[PDB]
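Asks: Residue numbers (the authors' numbering), protein chains in the order written: chain B, 1 to 99; chain A, 1 to 99.
Number of protein chains: 2
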Amino acid sequence: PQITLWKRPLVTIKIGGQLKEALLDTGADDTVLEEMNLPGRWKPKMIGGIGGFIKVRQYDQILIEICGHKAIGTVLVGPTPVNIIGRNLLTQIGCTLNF
Amino acid sequence: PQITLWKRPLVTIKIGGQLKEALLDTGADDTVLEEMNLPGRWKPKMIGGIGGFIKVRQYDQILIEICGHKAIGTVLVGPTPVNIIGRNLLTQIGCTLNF
Ligand SMILES: Cc1cccc(C)c1OCC(=O)N[C@@H](Cc1ccccc1)[C@@H](O)C[C@H](Cc1ccccc1)NC(=O)O[C@H]1CO[C@H]2OCC[C@H]21
Numbered sequence: 001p002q003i004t005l006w007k008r009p010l011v012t013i014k015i016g017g018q019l020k021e022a023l024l025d026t027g028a029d030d031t032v033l034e035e036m037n038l039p040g041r042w043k044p045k046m047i048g049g050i051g052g053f054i055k056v057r058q059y060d061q062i063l064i065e066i067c068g069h070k071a072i073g074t075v076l077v078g079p080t081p082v083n084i085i086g087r088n089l090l091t092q093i094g095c096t097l098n099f
Numbered sequence: 001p002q003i004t005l006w007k008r009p010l011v012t013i014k015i016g017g018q019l020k021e022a023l024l025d026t027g028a029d030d031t032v033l034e035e036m037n038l039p040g041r042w043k044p045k046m047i048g049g050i051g052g053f054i055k056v057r058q059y060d061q062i063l064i065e066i067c068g069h070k071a072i073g074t075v076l077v078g079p080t081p082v083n084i085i086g087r088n089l090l091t092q093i094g095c096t097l098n099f
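#1: Roughly how many whole angstroms lie between the Cα atoms of residue 93/B and residue 99/A?
#2: Would a check of beta-carbon distances place residue 100/A closer than 9 Å to chain B?
#3: Who pairs with residue 65/A in a beta bridge, going by DSSP?
#4: Buried or exposed: where does residue 50/B fall if 16 or more other Cβ atoms within 10 Å of its Cβ makes it buried?
#5: Measuring only between beta-carbons, confirm whether residue 25/B sits less than 9 Å from chain A.
#6: Between which residues of its own chain and residue 12/B is the CB-CB distance below 7 Å, once the five residues before and five after are set aside?
#7: Consult DSSP for residue 98/B and reduce its assignment to one of helix, strand or coil.
#8: Shorter than 9 Å from the beta carbon of residue 8/B to some beta carbon of chain A?
#9: Could you name the residues that DSSP lists as bridge partners for residue 76/B?
#10: Mapping DSSP to helix, strand and coil, what is residue 89/B?
#11: If we count the other Cβ atoms within 10 Å of its Cβ and call it buried at 16 or more, is residue 41/A buried or exposed?
#12: To which residues of the same chain is residue 76/B closer than 8 Å at the C-beta, ignoring the five residues directly before and after it?
#13: When you measure from the CB of residue 97/A to every non-hydrogen atom of ligand 1, does any distance come out below 8 Å?
#14: Taking Cβ positions, are residue 72/B and residue 84/B nearer each other than 9 Å?
Printed below as a string of structure tokens:
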């Protein structure tokens, strides 16, 4: 669909069989989700934004459904105040910015 | 234009008569700019991000040109690592997400 930016671009995602709200965020290089249980081996990582950094866990080749579009890629899990779908998965579902 | 997300969506903006690099960021409610000399009245304000909060200077009705399209709205200046153009101005240049 076509998403306007008058409100926050919140969408429904499906990950590990659970449904959640996430923000589609062109300013995020990677996808970061509120704390959750994910399968697989994982590596530590720090992501930085306004105000500093947070320590997160990097899971690889994770399946995630974003408004019906399937994606499989890196998903970070950590103390983010908001679920963010970043450019690594936005490119997979074919998303572009247009003005 | 149509902007893909394989790389960071960096664009050139014109503000206060100066040209700068900024990130188009659908994940940001507001526009936050690197520390810079801008004339006019401003009010102090606190904004929150992924790593915590920062004190910023809130300028109101500041004119800003982004790839030729004009926008006027609130512009915060503060210790952000990167210039971010938020939804407050993205909507004015008529920007949307499409997948
Ligand atoms: C996730 C990730 C992984 C790997 C690399 C990077 C850079 C990543 O992105 C991190 C990241 O913070 N990006 C941001 C942009 C950026 C990029 C580079 C360095 C600094 C900031 C942004 O786009 C997402 C952020 C999410 C959010 C945080 C707290 C509350 C609500 C939403 N919004 C944001 O702080 O907005 C500000 C401004 O306006 C206000 O509205 C709402 C919040 C206020």
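Just so you know, even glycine gets a beta-carbon here, dropped at the ideal spot from N, CA and C.
Replies: In terms of the structure at hand:
#1: Here the question's residue 93/B lines up with position 93 in the first sequence. Here the question's residue 99/A lines up with position 99 in the second sequence. If you take the alpha carbons of residue 93/B and residue 99/A, they lie about 6 Å apart.
#2: The requested residue 100/A does not occur in the structure, where chain A is confined to residues 1 to 99.
#3: Counted from its first residue, the second sequence places residue 65/A at position 65. Residue 65/A pairs with 14/A, 70/A.
#4: The sequence position of residue 50/B within the first sequence is 50, counting from 1. Answer is buried; the Cβ neighbour count reaches 16.
#5: To locate residue 25/B, count along the first sequence from 1; it is residue 25. Closer than 9 Å to some Cβ of chain A, the Cβ of residue 25/B qualifies, so yes.
#6: Position 12 of the first sequence, counted from the start, is the residue given in the question as residue 12/B. So the qualifying residues of the chain are 19, 21, 67.
#7: As a working note, residue 98/B is residue 98 in the first sequence. Strand at residue 98/B.
#8: Translated into positions along the first sequence, residue 8/B becomes position 8. Judged by the 9 Å Cβ criterion, residue 8/B is in contact with chain A.
#9: In the first sequence, the residue the question calls residue 76/B occupies position 76. 32/B, 58/B.
#10: The residue labelled residue 89/B in the question sits at position 89 within the first sequence. In the structure shown, residue 89/B sits in a helix (DSSP, three-state: H, G or I).
#11: In the second sequence, the residue the question calls residue 41/A occupies position 41. So residue 41/A ends up on the exposed side.
#12: Locating residue 76/B in the first sequence gives position 76, counting from the first residue. Cβ neighbours of residue 76/B beyond the five flanking positions: 30, 31, 32, 33, 45, 47, 56, 57, 58, 59.
#13: The residue labelled residue 97/A in the question sits at position 97 within the second sequence. No, Cβ of residue 97/A sits at least 8 Å from all heavy atoms of ligand 1.
#14: Taking the first residue of the first sequence as 1, we reach residue 72/B at position 72. Taking the first residue of the first sequence as 1, we reach residue 84/B at position 84. Not in contact: residue 72/B and residue 84/B (Cβ atoms no closer than 9 Å).
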